[PDB]
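# Observations on chain architecture
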Amino acid sequence: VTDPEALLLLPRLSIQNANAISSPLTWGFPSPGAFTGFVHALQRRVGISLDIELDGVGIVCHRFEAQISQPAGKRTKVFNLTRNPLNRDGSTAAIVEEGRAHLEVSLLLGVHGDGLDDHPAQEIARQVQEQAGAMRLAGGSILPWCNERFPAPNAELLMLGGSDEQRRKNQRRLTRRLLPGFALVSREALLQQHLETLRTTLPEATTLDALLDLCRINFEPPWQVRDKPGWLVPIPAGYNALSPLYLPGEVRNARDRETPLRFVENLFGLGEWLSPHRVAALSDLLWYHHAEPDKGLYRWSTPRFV
Amino acid sequence: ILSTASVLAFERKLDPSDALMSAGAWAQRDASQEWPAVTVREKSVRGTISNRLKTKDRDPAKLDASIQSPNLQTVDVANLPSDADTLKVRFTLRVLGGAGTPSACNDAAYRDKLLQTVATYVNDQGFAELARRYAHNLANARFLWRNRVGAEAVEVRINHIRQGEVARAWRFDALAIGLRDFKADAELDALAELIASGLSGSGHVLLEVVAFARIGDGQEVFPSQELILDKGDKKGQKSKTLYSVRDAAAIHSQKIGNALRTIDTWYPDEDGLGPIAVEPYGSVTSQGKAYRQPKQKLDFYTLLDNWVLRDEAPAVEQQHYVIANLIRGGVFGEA
Amino acid sequence: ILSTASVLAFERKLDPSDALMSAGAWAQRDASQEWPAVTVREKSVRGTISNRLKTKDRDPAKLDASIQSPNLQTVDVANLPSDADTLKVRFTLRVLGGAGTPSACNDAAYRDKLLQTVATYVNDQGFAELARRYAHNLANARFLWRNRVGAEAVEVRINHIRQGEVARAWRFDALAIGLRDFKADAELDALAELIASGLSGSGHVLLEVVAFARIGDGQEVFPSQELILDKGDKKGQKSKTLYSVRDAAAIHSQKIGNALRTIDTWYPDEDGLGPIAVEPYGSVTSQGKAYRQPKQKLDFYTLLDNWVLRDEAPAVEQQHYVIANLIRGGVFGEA
Amino acid sequence: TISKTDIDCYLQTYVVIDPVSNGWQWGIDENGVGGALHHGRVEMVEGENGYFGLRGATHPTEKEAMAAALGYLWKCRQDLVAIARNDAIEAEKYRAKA
Amino acid sequence: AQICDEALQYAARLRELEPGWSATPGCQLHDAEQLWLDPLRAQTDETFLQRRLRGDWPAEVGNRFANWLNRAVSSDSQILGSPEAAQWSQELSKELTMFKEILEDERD
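Its PDB header names cryo-EM as the technique used to obtain the model and reports a resolution of 3.2 Å.

Going by what the PDB entry lists, chain E is known as CRISPR type I-F/YPEST-associated protein Csy1 and is assigned to Pseudomonas aeruginosa.

In the nomenclature of the PDB entry, chain A is known as CRISPR type I-F/YPEST-associated protein Csy2 of Pseudomonas aeruginosa.

Quick look at the structure:
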């Protein structure tokens, strides 16, 4: 959607038990819906007082550690779990496997509004960071950086540049600051054109199969593996409707009885972990929401990428 | 039926050492025990290309651009000092004896037949021809490989070392004793009887062979050459490494042993080229040609197999060659 | 069919030593055996930037900011002492002989044909042109490379060292004997006949070549230059390392050898530039241009492959050049 | 009754056959994807004098480099062999099912 | 582009070690690449080492990176004589221009 007037950088946030289960088909890094919902909660909690609109998040992931283990004699992995409390009779509860992962992400938030003028930049950057320190990012606590060498501060970069050279200069100054990670974007045009190529190969192909084809490592006869352009991960790129839209006080056991509920289902798209200096404009690579609620199709992506 | 033993490893008789090369002046050869060693040092060479082109690189602009960016190397180089014209190459030679006994052999009946065959050779004709030719290759300084090719005067001093000192000292002129005629002498016969008694087991023979070569002041001497590591850039290449035991240039022990073995004048090809080193499938590395090829019935293997298994004893020359290979040692055997 | 051999290794005839530079006073050159050596010492240089800029560095403020940080090196420098006007450059030279025989050769028939070719050359016209030109390059002190170019008087003394001492003594004026004319002289003919008898195998030739260059009191002498690792910082950069064998500045042996081989006045381009070093694809690395390019039929390889294989014997000048390459040695042959 | 070549079916993904100009030098892929560019954790090894390449002799043909790779995996690294064993057992049970 | 990318990520993640490790004394420790991989010696040496990387702007590292990356091409004369070597050198110098231009403005 709308272009960011400024670009706020939350620095390397340490998340201790984030949801490794992104979706029913994918594990690993949490979904970009987690980060877009976090930035909407930041807007909902501090942005309505600074008179700004925090919209769009760029995900960087400097460090990732999944609490997984590879069992003996097995090629695949399983999840290390937590020991829940007992039942009221003293027995062990039924184990529900959740994946936990220790992240270190830095978020680029699109900030636009009239509160950029009314307040200093470091003030609203400090306020969204002191509000983010009491929050959680994929189900995991944001570790608030006590007693290391120095605390990582913020920088709200005003994207309005007086010159294009100064704009490229401070895009470089921000990219150098969020460099040891890998920015996560959405490549759904690549998924569709790979589906088109797979359909010229074999007819009646689904883009679930094209997504899988971009996921695998295919061995080819003369032996060589089929190379890929980038990292090309599967991500859950939103939700698709299963039920019609139910009224607020009509569905049973909702979160609130003032919001319309609709049973949805994941929509697995394609992602691409690329380094942040391959984009040449950091005002791209920000993940927004796209609802279109009359059809279903509640989804997130990063438009204006290419 | 007496098939060949599957493994046959023979230990090496005639063990030399690494031949330490030192330097000094002629007429002070007799005080040459404090002579300073020839040291291996580095120097930086630069050449244009000199190799043949394969018709893709004969473009004249490409040839000029190829000689405009030359290869820069460092080589290990050993020279005499600028006040010393005599190269002293000193090694010790230990003639062991017990030639036909293998160090490993599976078939015990083959080992009995092979020991009987070698003992039949020694009783018919002991190690007298072989020791004459080994004493020649000590006497002419063939172990000086390229340090001999332009030397003004070569003199070899061979000392038989008893309990701690010289039991009998020889002193030879290595340019009068040629590299191609195994003639007769009076002192070479004494050294040959010594090496003969060493090869028979009739005594402990430890020789100290010292050779002095008038090359010239500052001239290059030629220690044996190593192989290279080749990990980094092509400017600090180290294109040539030379052997040195401890800050002192030295010929490898097996190069001395190969020059001692050069006794084989019995190969079916022409005698105008001279003796070659006793090898199975008797091969010279420089000429790239294997004499005593197994198509002719004159390699070490068909001669040894005809001699031991089925009693076809060869000519006295070819059995000199076979026993010279047994003195040489090796891993003879199938899989 | 007689194809060429895949290996051809010719050993280097005319082996020189590293030419040790010493220093002293003219008119006591007869007592120049205890002259002190020229020492390679270190000194520190600082420069501005003076190389060409590539049109992105030609900004005025950027050029001033580049000259505000001058580069610091420490060069090796060899100079004459402040009380010595003469540079002595003393090496030795072994003229070996046996030029056509290769040290390594795959094909036996090609080796015999090349030996008959070289024997035909020596029988028709022995090493008399080549030895006259090598005697010139000793006589004019071309082995003094830049130590000669501004010298007041150069004098070369060449001693034929027999059994321990001088058999025949020469004394040349290296400036009257030019660097481009191979004329005829009565003493140069004697030295030519000596180097001829060395190259023919008719005798042992070892020359002690001494050259006294009147440079000036305290001037810079120019020894050979090593190559630097460049593993350290950029102020103690050590941009220049000079050759010395033991605290005594020296010219490389192969640089003296390149100056002795500057006998080739038969290349297809102009002779106003004079002789070049005898190389296959006869090239000068100062000028970046290979004369005797293989597109013309005058490199060493096509001349040898027409002379030996298909028996097209070239002109006497180009076959002088081919035998001068065989004297020069090298790794000929394909892969 | 699971044979050796059915275990080699899933063991061959752990090897990588790199092309050199002399021949084919096999290696070991620790991530089991044949030395893929992104998902491939290839095992590189330290040799005698600055050798940092694939553990494997430069063989003339790929048929022999792969065979030497499989022989090395069967002799020394039995954890990848147990991985391929369980993969082959699950494949046999799958063809017993579907 | 991916190789120069992993080079930039290697230089970036190496900044978490310690502010001074080229201050550890040696003789041969890549004193031209140590201007790149440790920028936090400027926080300690306020005038000694800070002004020697901001005026020089140490970005000749890309040439050594190209000399390392040209060990990836095979020593084949058929690859050298054809236009493949010229096209390879063109796009290699293009990505090295991008990598060197990234290393140029390290000081903001």
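## A word on the relation of the copies chain B and chain C
Once chain B is rotated about the relating axis by 51° and shifted along it by 11 Å, it coincides with chain C to within an RMSD of 0.3 Å. Mapped onto chain C, only 2% of the interface residues of chain B are again interface residues, and the two copies thus contact each other with different surfaces.

## Description of the nonpolar core
The biggest cluster of nonpolar side chains holds 83 residues, and the ones touching the most others in it are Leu130, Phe143, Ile195 and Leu207 of chain C. Once residues lying within four places of it in the same chain are set aside, the contact partners of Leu207 of chain C are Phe91, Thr92, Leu93, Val95, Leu138, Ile158, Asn159, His160, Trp170, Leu191, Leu194 and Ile195 of chain C. Of all hydrophobic cores here, the second largest spans 78 residues; its members include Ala141, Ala196, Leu207 and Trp307 of chain B.

## Here's the deal with the packing of helix 6 (residues 300-308) of chain B against helix 7 (residues 316-328) of chain B
Residue and element names in this part refer to chain B. The geometry of helix 6 relative to helix 7 is characterised by a closest axis approach of 10 Å and an angle of 105° between their N-to-C directions. On the basis of their axis angle, the class for helix 6 and helix 7 is roughly perpendicular. Seen from helix 6, the contacting residues are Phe300, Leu303, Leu304 and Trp307; seen from helix 7, they are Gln318, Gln319, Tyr321, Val322, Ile323, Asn325 and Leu326.

## A word on the packing of aromatic side chains
Two aromatic rings are characterised by how far apart their centres lie and by the angle between their planes. This structure, assessed with the given rule, holds 30 aromatic pairs over all chains. Between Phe29 of chain A and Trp273 of chain A, the ring centres sit 4.8 Å apart and the planes meet at 90°, which makes this aromatic pair edge-to-face. For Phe29 of chain A, a relative accessible area of 12% translates into the label buried. Judged by centre distance (4.8 Å) and plane angle (40°), the ring pair of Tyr267 of chain C and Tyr291 of chain C falls under tilted. With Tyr267 of chain C in the loop between strand 13 (262-264) and strand 14 (276-277) and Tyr291 of chain C in the loop between strand 16 (289-290) and helix 6 (300-309), this pair connects stretches of sequence that are 24 residues apart.

## Examining the interface of chain B and chain C
Facing the 43 residues of chain B at the interface are 47 residues of chain C. Between chain B and chain C, roughly 3700 Å² of surface is buried when both sides are summed, and carbon and sulfur atoms account for 44% of that area. Between the two partners, chain B and chain C, sit six salt bridges. When the shortest N-O distance is used, the salt bridge between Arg146 of chain B and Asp15 of chain C registers 3.8 Å. In this structure, the connection of chain B to chain C is made through 26 residue pairs in polar contact. Put simply, the parts of the chain that give the side of chain B that touches chain C at least two residues each are strand 4 (40-47), helix 1 (60-68) and strand 5 (71-79) of chain B. Here the side of chain B that touches chain C gets six residues from one element, more than from any other, and that element is strand 4 of chain B. Of the residues belonging to the side of chain B that touches chain C, the class tally is 12 nonpolar, 18 polar and 13 charged.

## A word on the sheet that holds strand 1 (residues 8-10) of chain C
Residues and elements named next belong to chain C. Taken together, the three strands give an open sheet; going across it, the order is 7-1-17, and neighbouring strands pair in antiparallel fashion. In this open sheet, the two edge strands, each paired with only one partner strand, are strand 7 (104-105) and strand 17 (330-332). Examined bridge by bridge, strand 1 and strand 7 share two bridges and lie antiparallel to one another. Following the sheet pairing, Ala9 is matched in strand 7 by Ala104.

## Overview of the environment of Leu188 of chain C
In this structure, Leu188 of chain C sits in helix 4 (residues 186-199). Setting aside anything within four residues of it in sequence, one finds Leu188 of chain C in contact with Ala135, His136, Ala139, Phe172 and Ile177 of chain C.

## Concerning the arrangement of the chains
In this assembly seven pairs of chains touch, with chains B and C having more contacts than any other pair. The closest approach of any C-alpha atom in chain C to one in chain D is 14 Å; the two make no contact.

## Some thoughts on the domain arrangement of chain A
Residue and element names in this part refer to chain A. Each domain of chain A was delimited in the assignment, giving domain 1 (4-181) and domain 2 (182-302). The distance between the C-alpha centroids of domain 1 and domain 2 comes to 20 Å. Taken residue by residue, the interface counts 30 residues in domain 1 and 21 residues in domain 2. Looking only at domain 1, the three residues that lose the most surface to domain 2 are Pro32, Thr36 and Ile59, adding up to 21% of its buried area. Across the contact surface, domain 1 and domain 2 share zero salt bridges. When residues of the side of domain 1 that touches domain 2 are traced back to their parent elements, those giving at least two are helix 1 (32-47), strand 2 (52-58), strand 6 (100-113) and helix 4 (164-175). Looking at the side of domain 1 that touches domain 2 residue by residue, the class counts come to 16 nonpolar, 13 polar and one charged.

Calculation rules
- Residues numbered from 1 in each chain as written, not as in the entry; some residues may be left out.
- Chains lettered and ligands numbered in written order.
- Part of a larger assembly, values for the part shown.
- Heavy atoms only, no water.
- Residues with missing side-chain atoms left out of burial classes, pairs and counts.
- Least-squares fit on C-alpha atoms.
- Contact = heavy atoms within 4.5 Å.
- Core = buried A, V, L, I, M, F, W, Y, C linked by side-chain atoms within 4.5 Å.
- Buried < 20%, exposed > 50% of the residue type's maximum accessible area, 1.4 Å probe, protein only.
- Axes fitted to C-alpha atoms, helices over the stretch in contact; angles between N-to-C directions.
- Helix = DSSP H or I, 4+ residues; strand = E, 2+ residues; numbered from the N terminus.
- Parallel < 35°, antiparallel > 145°, perpendicular 65-115°, else oblique.
- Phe/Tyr/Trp six-rings, centres within 6.5 Å; stacked < 30°, edge-to-face > 60°.
- Buried area = accessible area lost by both parts, 1.4 Å probe.
- Salt bridge = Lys/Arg side-chain N within 4 Å of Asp/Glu carboxyl O.
- Polar contact = N/O pair within 3.5 Å; in protein donor to acceptor, adjacent residues only side chain to side chain.
- Nonpolar A, V, L, I, M, F, W, Y, C, P; charged D, E, K, R; others polar.
- Pairing = 2+ DSSP bridges.
- Domains from an automatic or database assignment.

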